[PDB]
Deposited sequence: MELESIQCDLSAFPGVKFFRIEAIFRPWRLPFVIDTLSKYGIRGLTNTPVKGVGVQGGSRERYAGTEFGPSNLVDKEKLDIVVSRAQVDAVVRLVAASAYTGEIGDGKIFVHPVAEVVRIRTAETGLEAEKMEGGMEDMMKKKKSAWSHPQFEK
């Protein structure tokens, strides 16, 4: 099981899960998150390369990907990374990468509610 190392971020309450994967898997990934009860997410189309350099490389070799950013509590990181990795997986190069980033604060605009 995926175990994310958050030890260099003691006291951080919230993390951002940034998942970049094949565009055709977006509905699967979203269904898996919806079923788990995910409390929100943001989707952006991006382009990129990993270790294999696309397709040296140039802009023409960058490959279309879908990105999701999912801010979750610390306690939910591993579960959510695991769900997104499992849903996005095919077993071939280019299946994606997940970056976990620390978040200092969350503020709901409608209410001014923080934390």
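- Residues 1-4, 60-66, 127-154 of the deposited sequence have no C-alpha coordinates in the model.
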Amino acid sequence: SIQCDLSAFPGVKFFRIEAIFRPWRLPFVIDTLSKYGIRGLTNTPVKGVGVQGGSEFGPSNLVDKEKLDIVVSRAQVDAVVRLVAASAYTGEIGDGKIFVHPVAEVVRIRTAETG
From here on, numbers count along this sequence of modelled residues.
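- Remark: stretch with higher mean C-alpha B factor among 68-76 and 31-39 is 31-39.
- If you average the C-alpha B-factors over 57-65 and over 40-48, the higher value belongs to 57-65.
- Out of 23, 94, 102, 11, it is 11 whose C-alpha atom has the highest B-factor in the PDB entry.
- The PDB entry assigns residue 17 a C-alpha temperature factor belonging to the lowest third of its chain's modelled residues.
- In this PDB entry, residue 107 carries a Cα temperature factor that places it within the highest third of its chain's modelled residues.
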